[PDB]
Amino acid sequence: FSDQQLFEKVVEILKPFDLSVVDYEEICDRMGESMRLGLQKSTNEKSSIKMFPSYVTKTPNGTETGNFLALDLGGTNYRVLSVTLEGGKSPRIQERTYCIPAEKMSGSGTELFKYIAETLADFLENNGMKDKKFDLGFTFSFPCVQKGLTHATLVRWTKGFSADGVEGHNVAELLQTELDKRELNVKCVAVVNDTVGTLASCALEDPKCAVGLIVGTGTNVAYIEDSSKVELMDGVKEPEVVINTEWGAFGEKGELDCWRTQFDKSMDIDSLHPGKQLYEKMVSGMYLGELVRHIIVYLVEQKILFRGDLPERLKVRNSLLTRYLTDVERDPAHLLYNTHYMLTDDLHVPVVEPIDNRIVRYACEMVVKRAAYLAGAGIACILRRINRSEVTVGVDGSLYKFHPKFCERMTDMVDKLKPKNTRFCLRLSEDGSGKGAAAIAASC
Ligand SMILES: OC[C@H]1O[C@H](O)[C@H](O)[C@@H](O)[C@@H]1O
């Protein structure tokens with residue numbers, strides 16, 4: 001039909017993505033309903049939002065002294081760090097990022113945990129500081145049942161991991177074993193989640209930071225809570241504890257069933273761990289690109305794109321990276337240059353037309369717009385829980401960093417839903433979870 005006609009079809013199909021402020025008020029409303037259920041013993045096991053207490057009760061003040069190691073696992077890239085704190089000056093740091101072989105993440109646990117040690121050792125040798133004894137802060141980006149900071153148990157693998165022999169085990173001991181099998185003098189290991197690590201890096205700088213948001217390969221938030229409410233923590237002594245919400249799991253009990261579309265379902269169905277992390281799959285960087293691919297492939301079989309031809313590339317899963325959604329977003333009205341280049345250059349689509357470019361940039365915008373707003377609802381929900389009148393939020397993640405308009409839009413959503421008397425501000429966590437995990441390690 002007319003190009004205009006074809007475009008109007010794309011609008012009608014992608015309409016279920018065009019959510020209203022009222023929709024978000026509700027997601028947020030239902031979300032908050034789940035978090036308070038997860039803090040309750042009689043209702044945690046029937047809630048998707050686990051609210052795992054991290055046992056980090058008091059955030060690092062800066063007086064911490066010493067030199068510690070710090071690993072980062074789960075995020076976009078494996079960082080091996082070394083921190084020196086003296087409170088005093090700014091914590092000295094040194095670091096590396098090691099690529100991990102695709103196999104390592106799906107084979108045996110001992111094999112992955114062996115790789116971890118294999119790697120750290122190199123760092124220690126090259127920097128000429130091996131025999132020195134340390135205290136490692138392990139930022140393990142996954143849901144774990146914390147039994148104190150040192151003993152952490154994997155609940156389940158999220159994201160792109162599926163190593164056997166890890167789930168249900170104490171990860172700190174796994175690492176500690178392999179470290180020993182490499183003659184490395186690694187005394188302690190504090191297991192901290194990335195959100196928790198972020199909240200710490202953030203508190204160390206800003207005294208008002210009570211939240212740690214991660215919007216990268218995956219989404220999750222952590223916040224300071226009243227330890228009188230964290231029932232699974234038992235009758236404790238300190239007033240507070242950093243809670244690892246692990247909200248990626250929202251929707252796992254049918255809470256987002258009215259807002260999830262067919263693209264969300266066929267993307268989910270075909271994912272690594274089907275049916276798990278339903279809210280995350282609508283928000284994070286590992287899945288947003290896959291959403292536009294799914295829409296496309298659908299649009300192509302309806303003859304609404306590429307005259308019905310699907311390119312070899314877009315047949316392979318993850319062939320349409322979220323990174324593309326970055327350049328595509330800088331496109332003005334009468335200007336589909338970045339979109340165009342993407343179809344032809346990154347995806348090698350054979351024959352491409354203006355309608356295709358236009359249709360595709362709209363698919364991106366839709367997906368990316370709802371993504372930000374969803375995280376935004378979530379922070380508005382946290383702010384409604386924390387209740388403090390001045391909340392500094394520590395952020396991190398490719399989405400926040402590399403995406404034009406992401407934080408720009410997220411904030412607008414937190415703005416329509418935050419407590420009218422709360423003043424908040426997103427403060428990017430520049431030095432990562434490393435500097436934050438090390439201060440935590442300083443006590444272990
Ligand atoms: O990377 C951020 C988040 O990714 C996934 O959601 C993990 O399950 C979660 O533990 C982590 O915090």
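Atoms within each ligand, like the ligands themselves, are counted from 1 in listed order. Numbers here are sequence positions counted from 1.
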*Do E255 and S48 have side chains that get closer than 4.5 Å, going by heavy atoms?*
yes
*Do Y223 and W247 have their ring centres less than 6.0 Å from each other?*
no
*Which of the atoms in ligand 1, numbered in the order shown and given with their element, are less than 4.0 Å from a heavy-atom of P143?*
8 (O), 10 (O)
*Hey, is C28 close enough to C381 that the SGs sit under 2.5 Å?*
no
*Pull out every atom of ligand 1 sitting under 4.0 Å from any heavy atom of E280, numbered as shown with elements.*
4 (O), 5 (C), 6 (O)
*Among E246, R156, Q277, whose heavy atom sits nearest atom 9 (C) of ligand 1?*
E246
*Does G248 come within less than 4.0 Å of ligand 1, judged by its heavy atoms?*
no
*Take every heavy atom of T217, measure it against each atom of ligand 1, and state whether any distance is under 4.0 Å.*
no
_Using the side chain to side chain contact (heavy atoms under 4.5 Å, CB included) definition, which of the options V80, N77, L71 pairs with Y98?_
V80
*asked:* Need the ligand 1 atom indices (1-based, order shown) with element for anything under 4.0 Å from a heavy-atom of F142.
replied: 10 (O)
*asked:* I need the nearest protein heavy-atom contact for atom 12 (O) of ligand 1: residue, atom name and distance, please.
replied: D194 OD1, 2.7 Å
*Are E329 and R409 ion-paired here, with the side-chain N under 4.0 Å from a carboxylate O?*
yes
_Numbered atoms of ligand 1 (with element) below 4.0 Å of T158, judged on heavy atoms_ = 5 (C), 7 (C), 8 (O)
_Polar side chain donor-acceptor pair, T217 to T76, under 3.5 angstrom_ = yes
*Tell me: protein heavy atom nearest atom 4 (O) of ligand 1, and distance?*
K159 NZ, 3.1 Å
_Beyond-backbone contact of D72 with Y78, side-chain heavy atoms, under 4.5 angstrom_ = no
*Report, in ascending order of atom number, the atoms of ligand 1 lying under 4.0 Å from any heavy atom of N220.*
3 (C), 9 (C), 10 (O), 11 (C), 12 (O)
*Give a yes/no verdict on whether any heavy atom in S141 is under 4.0 Å from an atom of ligand 1.*
yes
*Is atom CD of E25 surrounded by more than 12 heavy atoms (other residues, nucleotides or ligands) closer than 6.0 Å?*
yes
